[PDB]
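Nothing in this text is a laboratory measurement; each read-out follows from the coordinates by a stated rule. All Cβ positions, even for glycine, are placed from backbone atoms using ideal geometry, and neighbour counts span all protein chains on display.
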Ligand SMILES: C[C@@H]1CCC[C@H](n2cnc(-c3cc(Cl)ccc3-n3cc(Cl)nn3)cc2=O)c2cc(ccn2)-c2c(cnn2C(F)F)NC1=O
Ligand SMILES: *[C@@H]1O[C@H](CO)[C@@H](O)[C@H](O)[C@H]1NC(C)=O
């Protein structure tokens, strides 16, 4: 997260850090708890993932340095990638992880609500992007989970910034026109979380952008409300 600030314990209890153990263990992507055995994340995270056996989902983590040999994690039974997905910039950048066990909810690990289908066109004004990603283009994964409040940008304005890519109704853009705050490397798959009428909703999945936090180059997020039926279908199978 460029231009973000430190989160506190229990602030973002739906945020997870998805690690791969192969060839060596490392943070791969963010994700969000959405159900009792379900993480919602980005399809592009799995480009080099040979099998679900190498994945570990860590919930209830503030600092990456908390992740040691005996730290509790959830295994992954199945990776479900949207069957129309090809590449982040062409959309459908959405995936589910079916966990090996159910998740017992606490103040440090609990699900975020999907957006209401009735709020399909709502212009949310209390939206936050979170993650352990870079603070600038050439940086490192951060220890403490960072947050940044970022405004939504209309798809019409967003499309003007990305003449080389189709910004579809299944994408949502967010960023400051004057730049300065955005997702960056290591944040993808995590949430764009918006608080509306005292309830947090998972409005976006961090997907792609051109550079990090540049002027007039908003971040592009999977528009979760446009996939509610797909999510319900896959999570009940
Ligand atoms: C396979 C996965 C995910 C691969 C894509 C991932 N990604 C790509 N675009 C964004 C992005 C999103 C928005 Cl909304 C706006 C601007 C973005 N933007 C533009 C540029 Cl330039 N940078 N960000 C975020 C992001 O996270 C990524 C992650 C790492 C390195 C490079 N890209 C990585 C890891 C592990 N460690 N690192 C470490 F190198 F950061 N994961 C992997 O490589
Ligand atoms: C959840 O809590 C119940 C009741 O304490 C316990 O029996 C069970 O093992 C826990 N399961 C997980 C996956 O944490």
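Computed values, structure above
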item	result
Rg ratio (alpha-carbon, reference 2.2 N^0.38 Å) - region 157-214	1.19
Over region 105-202: Rg over Rh, Cα atoms, Kirkwood Rh	0.98
Equivalent ellipsoid, region 1-81 (semi-axes from 5 times Cα gyration tensor eigenvalues, Å)	20, 15, 14
Per residue convex hull volume, Cα atoms of region 184-237, in Å³	111 Å³
Highest average packing first - 171-177, 102-108, Cβ atoms within 10 Å	171-177, 102-108
Size of region 114-171 as Cα extents on the principal axes (Å, biggest first)	37, 31, 16
Residue 78-residue 100 pseudo-label distance in nm [points 7 Å out on the Cα-to-Cβ vector]	1.7 nm
Descending Cα extents along the principal axes, the chain, whole Å	47, 38, 37
Centre separation in Å (Cα based) which lies between region 1-18 and region 162-199	16 Å
Cα-Cα pairs of region 104-143 separated by more than 15 Å (percent)	68 percent
Radius of gyration and maximum dimension Dmax of region 37-120, Cα, Å	14.5, 44
Potential lengthening between residue 135 and residue 232 on full extension [0.36 nm per residue; Cα-Cα distance subtracted]	31.5 nm
Nitroxide proxy distance, nm - points 7 Å out along Cα→Cβ at residue 154 and residue 50	5.0 nm
